[PDB]
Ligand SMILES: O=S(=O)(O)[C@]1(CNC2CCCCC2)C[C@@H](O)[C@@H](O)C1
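In structure tokens, the next block holds one chain alone, the form deposited without the named molecule.
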């Protein structure tokens, strides 16, 4: 840092009693710009607590103060208030903090920059920028009328301690300068987590959701994710599937690449609005991919990744449930196309990509190549790309002058697919260094049924055979997709479930050879399971796990078969929020398998962080060194208050002894 602190202090215990630092700090504040650097712990916070306050403590000036505050939800924020100036700034972001990790309080590193030159207030926690707000009328934190108290662990208002804190401030420093983003990056951190995917990386997505992890036979650990461009919204949106891998047991990760991507819309790093009027803004004319899952095939050595594919403007909410998008002729399914100007789907994509007119029974001069792009007499047709912006005060989607290959999933294509959901497949023969062009899977539930929905996370490679299984769901059932030929062909195995309209996200473990247990999200508040004892051909009725709570809408749950005995027994590890309130209270739950009846004793619960801190979708894998890697959404991804947060999908490394303590 280019300058020394005006005040520095440490080892402050905040035990619901403020610490007055007025005489040490107030007369050292000068000029209109300041930086606060604070290292602090709060593993048992109050509902709302102030970590640092500067206030006018006198009668009649209760709303003249600056504070750095946090909530027991993990939210961090500031207030900057002066009643005489008529200013009441409040800037915050949910899900910004860690509480505990491996049972010990985490030291959070907070950096707040108040910059009078740029009229901007910026907050970083744990190296992540969580807000940056420019104002028309700047209020220097010292310029609040009548400030006479500087306080740790409360704000002194009219002589009383408000917003009392429980925690500790291990170090706090203030500077009479707005330090640069570059200087900020030099401040040491004590983070319990890593980032694999992050804002500003090669994906240029500012948001991520739906993590996966899979340990490959080489020892490489692979991860896939939704790179979500238009905020954290599900499709309809612009979303690509990105991947990254680690060759050192998760200590470092490769720069992401794409496994599946569309180019109808630019890859733009956009700061999606979080205000109540605009937060529902959703990219509406882009094709997308959503919800990926990985498996490795022993025979071929291929890595196989599946994901849902959504045509332009389509998502689960508006996909046509009564149309697969294929025509069966006869025994073979051919992708249907509608040509601009036709009200009906007159075409199919036949062998060799030939576009065939169903009404005239003649091939046309158009072909669809292996990238689902349209050619006419062998030449590639193009469309103009779109970009998005909020410069007009609402979301605008507009052509940007760049030509890209015309794809049948695009809004502007001459030939367009049925507006329903599909599933696609890509393979890698180099363990994630590159991905082949995706191919659509066929329909499994007939001509007049939309795609099933891929369960995000892992597929299952049965240990003693060549069988691969990917779970998917639809209304009234799980639909397991089974391949015995390295993913060249798939058949379904349907397993009825006693819920309609469930997002029945399911993950599988092989308890022993040929015996599969599937754990899945329900609408009941409990995680369900079912068992197959014939390698997925047939499935039991549904049972429920006791000792874990979910919300009524549920959350995805990840599950693995651990390779080593725990307490002399075979073990399964589940990862899920454990809360009836929200997507919070993340846990790993270790289940010991009864060798006589395949029942599971859920003997250990490990809290990922505080019960009140967010935890949503998750990925777990046994790393080659027998550690457990967890990549998870550290926020409430259902909440309409926690939309569009950056750098909340995070990675941690745990050992079994951390879980069973």
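Numbering follows the first chain given and starts at 1.
On average the C-alpha atoms of 479-487 have higher B-factors than those of the other stretch, with 191-199 and 479-487 being the two compared. Of the two segments, 44-52 and 596-604, the one listed with the higher mean B-factor is 596-604 (C-alpha atoms only). When the C-alpha B-factors of 159, 230, 273, 219 are read from the PDB record, the largest value belongs to 159. In the deposited coordinates, the residue among 212, 576, 551, 348 with the greatest CA B-factor is 348. In the deposited entry, the Cα temperature factor of residue 37 places it in the middle third of its chain's modelled residues. Among all modelled residues in this chain, the alpha-carbon of residue 625 has a temperature factor (C-alpha) in the middle third.
Split the chain's modelled residues into thirds by C-alpha temperature factor. Residue 370 is in the highest one. Sort the modelled residues of the chain by CA B factor and residue 110 lands in the middle third. When the modelled residues of the chain are ordered by C-alpha B-factor, residue 258 sits in the lowest third.
The same protein also exists as the form solved in complex with the named molecule; that form is not shown, yet it is the one meant from here on.
Using a 4.5 angstroms limit between non-hydrogen atoms, residue 458 touches the named molecule in the bound PDB entry. In the bound PDB entry, the named molecule lies farther than 4.5 Å from every heavy atom of residue 57. Although the partner is absent here, residue 624 lies within 4.5 Å of the named molecule in the bound PDB entry, judged by heavy atoms. Contact annotation for residue 580: none of its heavy atoms lies within 4.5 Å of the named molecule in the bound PDB entry. Only one of 399, 569, 463, 117 comes within 4.5 Å of the named molecule in the bound PDB entry through a heavy atom, and that residue is 463. Comment: the named molecule is not present in this chain, but in the bound PDB entry one of 163, 214, 366, 193 has a heavy atom within 4.5 Å of it, namely 214.
The candidate stretches are 214-222, 122-130, 95-103, 268-276, and the one lying within 4.5 Å of the named molecule in the bound PDB entry by heavy atoms is 214-222.
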